[PDB]
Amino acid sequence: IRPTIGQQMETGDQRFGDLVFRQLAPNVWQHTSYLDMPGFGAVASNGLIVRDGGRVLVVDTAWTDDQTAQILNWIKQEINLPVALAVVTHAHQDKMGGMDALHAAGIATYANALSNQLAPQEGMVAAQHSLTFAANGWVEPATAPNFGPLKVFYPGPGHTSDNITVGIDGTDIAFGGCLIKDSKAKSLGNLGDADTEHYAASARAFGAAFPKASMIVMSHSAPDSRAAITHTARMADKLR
């Protein structure tokens, strides 16, 4: 962990406990946590913290409960607003590994219904609430009450069958999670759970759902431009 965190850090990064925070916009921070995958080394996973009026919204947990509890501490001391809800973008450890910590803190948690149905078989704890989606991919508003600037969109199966994505109203930022890879990536990373036929279209759907967004946030790379989308789709075309 320690060597790779040092190599990864750039000028705007801030360290707290085991976690790295970078401010992306006036009310949006990227949280980064690391897991040592033996054979592979240390792997970063990015999520978001969003301040919306008098409350905080979290997109994705850290890899573990203890790291997630730390994110909550950093919020309590650096922002000092209550965390109203968390949204997790699919049933994998990088996004849902810290669920028990959120529930211990009394934080309302939301995921795709399908993420919650898959969570037990993926070794994850389900979120308390289930999001559903229309045929056009947009979240059904009654399943996502009081989400403020968070615009939740299900682009279809790609990285996983359940992957969801989030735009932040009032910013240039859209979060592709593990679906989108950066613009110079040599591969699509972990395709173990991937839908090869639909991935390209899903990546393109994410792109089209947030057509203005110029800062694409993803799980294992620094924020990139829209070329991350195009490039991810091009790589995915070679799968089908």
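Take the two forms, find the largest set of C-alpha atoms that superpose within 1.5 Å, and that set is the rigid core. Don't overthink the numbering: it's just position in the shown sequence, from 1.
Annotation: of the segments 58-66 and 40-48, 40-48 departs further from this form in 6 other deposited structures of this protein (C-alpha atoms, root mean square over structures and residues, core superposition). Taking the root mean square of CA deviations in 6 other deposited structures of this protein after fitting on the rigid core, 130-138 and 116-124 differ, and the farther of the two is 116-124. When the mean C-alpha temperature factors of 200-208 and 24-32 are read from the deposited coordinates, 24-32 comes out higher.
The stretch 47-55 shows the higher mean C-alpha B-factor when 175-183 is compared against 47-55 in the entry. Each of 122, 140, 169, 94 has a CA temperature factor in the record; the biggest one is found at 169.
Ranked by Cα temperature factor within the chain, residue 82 sits in the highest third according to the deposited record.
Among the modelled residues of the chain, residue 98 sits in the lowest third by CA temperature factor in this PDB entry. When the modelled residues of the chain are ordered by their C-alpha B factor, residue 145 lands in the middle third. Looking at the C-alpha B-factors along this chain, the one for residue 75 belongs to the highest third.
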